[PDB]
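As stored in run-v9.cif (mmCIF, C-alpha atoms):
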data_query
loop_
_atom_site.label_atom_id
_atom_site.label_comp_id
_atom_site.auth_asym_id
_atom_site.auth_seq_id
_atom_site.Cartn_x
_atom_site.Cartn_y
_atom_site.Cartn_z
CA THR Z 1 -1.68 20.70 -8.03
CA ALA Z 2 -3.13 18.09 -10.38
CA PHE Z 3 -3.15 14.29 -10.38
CA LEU Z 4 -3.25 12.55 -13.76
CA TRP Z 5 -3.80 8.80 -14.11
CA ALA Z 6 -6.09 6.22 -15.73
CA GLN Z 7 -8.38 3.77 -13.95
CA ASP Z 8 -10.41 0.86 -15.33
CA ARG Z 9 -13.68 -0.77 -14.24
CA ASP Z 10 -11.94 -2.28 -11.23
CA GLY Z 11 -9.95 0.90 -10.66
CA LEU Z 12 -6.44 -0.37 -11.37
CA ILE Z 13 -3.47 1.78 -12.42
CA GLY Z 14 -0.30 -0.17 -13.15
CA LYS Z 15 2.13 -2.85 -12.00
CA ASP Z 16 4.78 -2.88 -9.28
CA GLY Z 17 7.32 -5.30 -10.72
CA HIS Z 18 6.12 -7.39 -13.65
CA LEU Z 19 7.26 -5.53 -16.77
CA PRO Z 20 4.55 -6.96 -19.07
CA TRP Z 21 3.95 -4.19 -21.61
CA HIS Z 22 2.37 -0.76 -22.14
CA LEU Z 23 -0.44 0.34 -24.46
CA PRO Z 24 0.10 3.07 -27.11
CA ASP Z 25 -3.25 4.80 -26.59
CA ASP Z 26 -3.22 4.54 -22.79
CA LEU Z 27 0.41 5.70 -22.76
CA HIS Z 28 -0.15 8.85 -24.81
CA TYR Z 29 -2.57 10.17 -22.18
CA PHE Z 30 -0.38 9.17 -19.23
CA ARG Z 31 2.28 11.58 -20.49
CA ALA Z 32 0.39 14.11 -22.63
CA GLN Z 33 -1.64 14.89 -19.50
CA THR Z 34 0.97 17.15 -17.85
CA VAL Z 35 3.90 16.96 -20.29
CA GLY Z 36 5.59 20.23 -21.16
CA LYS Z 37 5.75 21.49 -17.54
CA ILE Z 38 6.94 20.53 -14.02
CA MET Z 39 5.75 16.91 -13.84
CA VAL Z 40 6.62 14.95 -10.68
CA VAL Z 41 7.48 11.23 -10.62
CA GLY Z 42 8.66 8.57 -8.19
CA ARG Z 43 12.35 7.63 -8.13
CA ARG Z 44 11.45 4.12 -9.25
CA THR Z 45 9.32 5.75 -11.94
CA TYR Z 46 11.93 8.20 -13.25
CA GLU Z 47 14.14 5.14 -13.77
CA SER Z 48 11.88 2.96 -15.92
CA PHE Z 49 10.63 6.15 -17.63
CA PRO Z 50 11.22 5.97 -21.43
CA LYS Z 51 13.95 8.56 -20.91
CA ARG Z 52 15.68 10.58 -18.18
CA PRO Z 53 14.99 13.37 -18.40
CA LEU Z 54 11.93 13.51 -20.65
CA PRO Z 55 12.06 15.50 -23.94
CA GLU Z 56 10.29 18.83 -23.30
CA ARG Z 57 9.03 17.59 -19.93
CA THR Z 58 10.46 18.78 -16.61
CA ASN Z 59 10.62 15.70 -14.39
CA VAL Z 60 11.12 15.38 -10.63
CA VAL Z 61 12.41 12.46 -8.56
CA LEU Z 62 10.87 11.69 -5.16
CA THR Z 63 12.91 9.57 -2.75
CA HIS Z 64 13.71 9.28 0.96
CA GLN Z 65 17.40 9.75 0.14
CA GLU Z 66 18.81 13.16 1.09
CA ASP Z 67 21.55 12.84 -1.55
CA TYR Z 68 19.57 11.34 -4.44
CA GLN Z 69 20.33 12.93 -7.80
CA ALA Z 70 19.23 12.97 -11.39
CA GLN Z 71 20.74 14.13 -14.68
CA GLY Z 72 18.73 17.22 -15.56
CA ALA Z 73 15.74 16.14 -13.47
CA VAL Z 74 14.85 17.64 -10.08
CA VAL Z 75 15.37 15.68 -6.86
CA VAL Z 76 12.80 15.94 -4.07
CA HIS Z 77 11.89 13.72 -1.11
CA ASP Z 78 8.26 14.67 -0.47
CA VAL Z 79 5.35 16.94 -1.40
CA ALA Z 80 7.12 19.71 0.51
CA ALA Z 81 10.28 19.54 -1.58
CA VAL Z 82 8.29 19.63 -4.81
CA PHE Z 83 6.14 22.59 -3.80
CA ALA Z 84 9.45 24.27 -2.97
CA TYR Z 85 10.59 23.97 -6.57
CA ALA Z 86 7.26 25.05 -8.03
CA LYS Z 87 7.44 27.90 -5.51
CA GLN Z 88 10.63 29.25 -7.08
CA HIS Z 89 9.25 28.38 -10.52
CA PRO Z 90 5.83 30.14 -10.62
CA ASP Z 91 6.15 30.13 -14.42
CA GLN Z 92 5.44 26.41 -14.86
CA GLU Z 93 2.65 24.27 -13.40
CA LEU Z 94 2.89 21.38 -10.93
CA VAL Z 95 1.24 18.08 -11.83
CA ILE Z 96 2.04 14.73 -10.23
CA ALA Z 97 2.28 11.75 -12.57
CA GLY Z 98 3.20 8.90 -10.24
CA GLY Z 99 3.71 6.39 -9.05
CA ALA Z 100 1.15 5.13 -6.53
CA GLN Z 101 3.64 5.70 -3.72
CA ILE Z 102 3.79 9.29 -4.94
CA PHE Z 103 0.03 9.56 -5.47
CA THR Z 104 -1.00 9.26 -1.80
CA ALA Z 105 1.90 11.59 -0.97
CA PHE Z 106 0.28 14.63 -2.58
CA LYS Z 107 -3.31 13.40 -2.13
CA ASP Z 108 -3.56 15.83 0.79
CA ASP Z 109 -2.08 18.65 -1.31
CA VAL Z 110 -3.56 17.97 -4.76
CA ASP Z 111 -5.81 20.87 -5.75
CA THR Z 112 -7.06 19.20 -8.93
CA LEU Z 113 -7.64 15.59 -10.01
CA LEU Z 114 -7.73 13.90 -13.42
CA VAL Z 115 -8.94 10.33 -13.91
CA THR Z 116 -9.73 8.28 -17.01
CA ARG Z 117 -12.37 5.63 -16.33
CA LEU Z 118 -11.65 3.02 -19.00
CA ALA Z 119 -14.55 0.72 -19.85
CA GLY Z 120 -12.17 -2.14 -20.57
CA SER Z 121 -10.25 -4.04 -17.91
CA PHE Z 122 -6.50 -3.89 -17.28
CA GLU Z 123 -4.06 -6.22 -15.52
CA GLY Z 124 -1.74 -5.36 -12.64
CA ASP Z 125 -0.99 -5.85 -8.95
CA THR Z 126 -1.04 -2.17 -7.93
CA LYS Z 127 -4.31 -0.42 -7.07
CA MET Z 128 -5.15 3.28 -6.82
CA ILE Z 129 -4.66 5.05 -3.50
CA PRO Z 130 -7.59 6.18 -1.29
CA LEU Z 131 -8.68 9.54 -2.69
CA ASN Z 132 -10.82 11.96 -0.68
CA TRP Z 133 -13.50 12.50 -3.32
CA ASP Z 134 -15.53 14.14 -0.56
CA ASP Z 135 -12.83 16.79 -0.14
CA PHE Z 136 -12.68 17.46 -3.89
CA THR Z 137 -15.40 18.44 -6.37
CA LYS Z 138 -16.21 17.17 -9.86
CA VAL Z 139 -15.83 20.01 -12.37
CA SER Z 140 -16.11 17.83 -15.49
CA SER Z 141 -16.89 14.21 -16.39
CA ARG Z 142 -17.77 12.73 -19.77
CA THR Z 143 -17.24 9.21 -21.12
CA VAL Z 144 -15.87 8.69 -24.62
CA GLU Z 145 -17.13 5.58 -26.39
CA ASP Z 146 -14.57 4.81 -29.09
CA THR Z 147 -14.75 2.10 -31.76
CA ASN Z 148 -13.20 -0.39 -29.35
CA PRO Z 149 -15.57 -1.25 -26.44
CA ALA Z 150 -12.56 -1.65 -24.15
CA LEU Z 151 -10.72 1.42 -25.46
CA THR Z 152 -13.47 3.61 -24.01
CA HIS Z 153 -12.77 6.06 -21.20
CA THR Z 154 -14.21 8.92 -19.15
CA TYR Z 155 -12.38 12.19 -18.51
CA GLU Z 156 -13.05 13.32 -14.94
CA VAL Z 157 -11.70 16.65 -13.72
CA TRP Z 158 -11.98 17.37 -10.00
CA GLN Z 159 -11.13 20.56 -8.11
CA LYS Z 160 -10.20 20.53 -4.42
CA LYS Z 161 -12.60 22.61 -2.32
CA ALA Z 162 -12.37 24.16 1.14
#
Have the structure of the file written as structure tokens, please.
Amino acid sequence: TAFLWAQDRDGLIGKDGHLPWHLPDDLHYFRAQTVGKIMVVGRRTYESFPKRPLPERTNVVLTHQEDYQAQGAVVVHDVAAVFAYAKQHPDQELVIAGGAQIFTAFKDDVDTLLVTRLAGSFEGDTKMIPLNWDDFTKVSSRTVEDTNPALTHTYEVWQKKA
């Protein structure tokens, strides 16, 4: 299972309840990362999400409710309910998108990690969860210095070890 998200110098991710705005470049990666397959998302996330469900992207809703539903999307309550779907759907891949509440949920199950270290700084009140970098291994990491000094980023790909 993979985890795709972007972190800045400070290591921020997003907001919890501000609704400021989203970047076009930083947004393309957030989705393009696992789009086109079984991408998980928090209930709160699936809501704000540009669309429900996503066009060409299988989404999943994680909530403590045992009756929670979604139009087209899949409804799960934890990392056990998601793996259950992906279990019956060995054709598609399982990659968690968010949110933070969902990140630390699969942190102990994630077999692969994806982080984008952006040189520039980003605002927000929500920080990234405590990842066990010691439990995982870095398989790839290279920074990309674009024209914009703040639009820079590093693509890190980690693989959970035993």
Residue contacts of residue 39 (chain Z) (7 Å, all atoms listed in the file) excluding same-chain residues fewer than 5 positions away, as a PDB file with C-alpha atoms, in the frame of the given file:
ATOM      1  CA  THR Z  34       0.970  17.150 -17.850  1.00  0.00           C
ATOM      2  CA  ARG Z  57       9.030  17.590 -19.930  1.00  0.00           C
ATOM      3  CA  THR Z  58      10.460  18.780 -16.610  1.00  0.00           C
ATOM      4  CA  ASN Z  59      10.620  15.700 -14.390  1.00  0.00           C
ATOM      5  CA  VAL Z  60      11.120  15.380 -10.630  1.00  0.00           C
ATOM      6  CA  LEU Z  94       2.890  21.380 -10.930  1.00  0.00           C
ATOM      7  CA  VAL Z  95       1.240  18.080 -11.830  1.00  0.00           C
ATOM      8  CA  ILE Z  96       2.040  14.730 -10.230  1.00  0.00           C
ATOM      9  CA  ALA Z  97       2.280  11.750 -12.570  1.00  0.00           C
TER      10      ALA Z  97
END
Do you have, as CSV, the list of residues of region 59-125 of chain Z lying at most 8 Å from region 13-19 of chain Z, each with its nearest atom pair and that distance in Å to one decimal, counting only C-alpha atoms and ordered by chain then number?
residue,atom,partner,partner_atom,distance
Z:123,CA,Z:14,CA,7.5
Z:124,CA,Z:15,CA,4.7
Z:125,CA,Z:15,CA,5.3
For residue 36 (chain Z), the closest of Z:146, Z:91, Z:108, Z:67 counting only C-alpha atoms is Z:91
Name the residues that the PyMOL selection byres ((chain Z and resi 127-131) around 12) picks from the file above, as a VMD selection string, using the file's chain letters and numbers. chain Z and resid 3 to 16 98 to 110 112 to 115 122 to 126 132 to 137 158 160
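Atom pair CA of residue 161 (chain Z) / CA of residue 119 (chain Z) has a distance of 28.1 Å (rounded to one decimal).
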Could you jot down the CA of residue 53 (chain Z) to CA of residue 23 (chain Z) separation for me, Å, one decimal place? 21.1 Å
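In this model, the gap between CA of residue 89 (chain Z) and CA of residue 28 (chain Z) comes to 26.0 Å.
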Which neighbours of residue 151 (chain Z) fall inside 9 Å, counting all atoms listed in the file, when residues of the same chain fewer than 2 positions from it are skipped, and could you give them as an NGL selection string? :Z and (25-26 or 118-120 or 144-149 or 153)
Run through the PyMOL selection byres ((chain Z and resi 76-79) around 9) on the given coordinates and return the selected residues as a list in words. residues 60, 61, 62, 63, 64, 65, 66, 68, 69, 74, 75, 80, 81, 82, 83, 84, 85, 102, 105, 106 and 109 of chain Z
Shortest interatomic distance to residue 2 (chain Z) - which of Z:88, Z:143, Z:116, Z:159, counting all atoms listed in the file: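 Checking each of Z:88, Z:143, Z:116, Z:159 against residue 2 (chain Z), counting all atoms listed in the file, the winner is Z:159.
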So, counting all atoms listed in the file, which residue among Z:29, Z:92, Z:20, Z:38 is closest to residue 155 (chain Z)?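 Smallest distance to residue 155 (chain Z) is found for Z:29.
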Kindly add N, CA and C atoms to the incomplete region 96-115 of chain Z and provide the output as an mmCIF file, keeping the file's coordinate frame.
data_model
loop_
_atom_site.group_PDB
_atom_site.id
_atom_site.type_symbol
_atom_site.label_atom_id
_atom_site.label_comp_id
_atom_site.auth_asym_id
_atom_site.auth_seq_id
_atom_site.Cartn_x
_atom_site.Cartn_y
_atom_site.Cartn_z
ATOM 1 N N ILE Z 96 1.445 16.010 -10.585
ATOM 2 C CA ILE Z 96 2.040 14.730 -10.230
ATOM 3 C C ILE Z 96 1.593 13.622 -11.171
ATOM 4 N N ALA Z 97 2.560 12.846 -11.653
ATOM 5 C CA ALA Z 97 2.280 11.750 -12.570
ATOM 6 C C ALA Z 97 2.188 10.425 -11.820
ATOM 7 N N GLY Z 98 3.194 10.141 -10.999
ATOM 8 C CA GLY Z 98 3.200 8.900 -10.240
ATOM 9 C C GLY Z 98 4.510 8.663 -9.509
ATOM 10 N N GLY Z 99 4.708 7.456 -8.961
ATOM 11 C CA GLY Z 99 3.710 6.390 -9.050
ATOM 12 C C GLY Z 99 2.761 6.393 -7.861
ATOM 13 N N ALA Z 100 2.091 5.263 -7.639
ATOM 14 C CA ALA Z 100 1.150 5.130 -6.530
ATOM 15 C C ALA Z 100 1.740 5.672 -5.233
ATOM 16 N N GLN Z 101 2.963 5.250 -4.926
ATOM 17 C CA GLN Z 101 3.640 5.700 -3.720
ATOM 18 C C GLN Z 101 3.675 7.224 -3.664
ATOM 19 N N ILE Z 102 3.751 7.841 -4.837
ATOM 20 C CA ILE Z 102 3.790 9.290 -4.940
ATOM 21 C C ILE Z 102 2.378 9.881 -4.944
ATOM 22 N N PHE Z 103 1.409 9.096 -5.403
ATOM 23 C CA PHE Z 103 0.030 9.560 -5.470
ATOM 24 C C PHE Z 103 -0.509 9.928 -4.089
ATOM 25 N N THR Z 104 -0.493 8.992 -3.143
ATOM 26 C CA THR Z 104 -1.000 9.260 -1.800
ATOM 27 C C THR Z 104 -0.142 10.288 -1.055
ATOM 28 N N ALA Z 105 1.018 10.626 -1.607
ATOM 29 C CA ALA Z 105 1.900 11.590 -0.970
ATOM 30 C C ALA Z 105 1.363 13.010 -1.123
ATOM 31 N N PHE Z 106 0.824 13.307 -2.303
ATOM 32 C CA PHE Z 106 0.280 14.630 -2.580
ATOM 33 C C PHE Z 106 -1.247 14.647 -2.487
ATOM 34 N N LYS Z 107 -1.856 13.489 -2.237
ATOM 35 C CA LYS Z 107 -3.310 13.400 -2.130
ATOM 36 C C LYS Z 107 -3.885 14.467 -1.203
ATOM 37 N N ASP Z 108 -3.120 14.831 -0.179
ATOM 38 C CA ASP Z 108 -3.560 15.830 0.790
ATOM 39 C C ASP Z 108 -3.175 17.247 0.348
ATOM 40 N N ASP Z 109 -2.505 17.355 -0.795
ATOM 41 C CA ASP Z 109 -2.080 18.650 -1.310
ATOM 42 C C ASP Z 109 -2.679 18.924 -2.691
ATOM 43 N N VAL Z 110 -2.977 17.855 -3.426
ATOM 44 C CA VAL Z 110 -3.560 17.970 -4.760
ATOM 45 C C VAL Z 110 -4.761 18.908 -4.759
ATOM 46 N N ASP Z 111 -4.725 19.902 -5.639
ATOM 47 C CA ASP Z 111 -5.810 20.870 -5.750
ATOM 48 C C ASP Z 111 -6.733 20.528 -6.917
ATOM 49 N N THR Z 112 -6.286 19.614 -7.770
ATOM 50 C CA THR Z 112 -7.060 19.200 -8.930
ATOM 51 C C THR Z 112 -6.783 17.733 -9.266
ATOM 52 N N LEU Z 113 -7.813 16.998 -9.679
ATOM 53 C CA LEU Z 113 -7.640 15.590 -10.010
ATOM 54 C C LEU Z 113 -8.094 15.280 -11.434
ATOM 55 N N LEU Z 114 -7.411 14.328 -12.060
ATOM 56 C CA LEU Z 114 -7.730 13.900 -13.420
ATOM 57 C C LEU Z 114 -7.706 12.380 -13.505
ATOM 58 N N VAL Z 115 -8.853 11.781 -13.812
ATOM 59 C CA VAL Z 115 -8.940 10.330 -13.910
ATOM 60 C C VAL Z 115 -9.641 9.892 -15.192
#
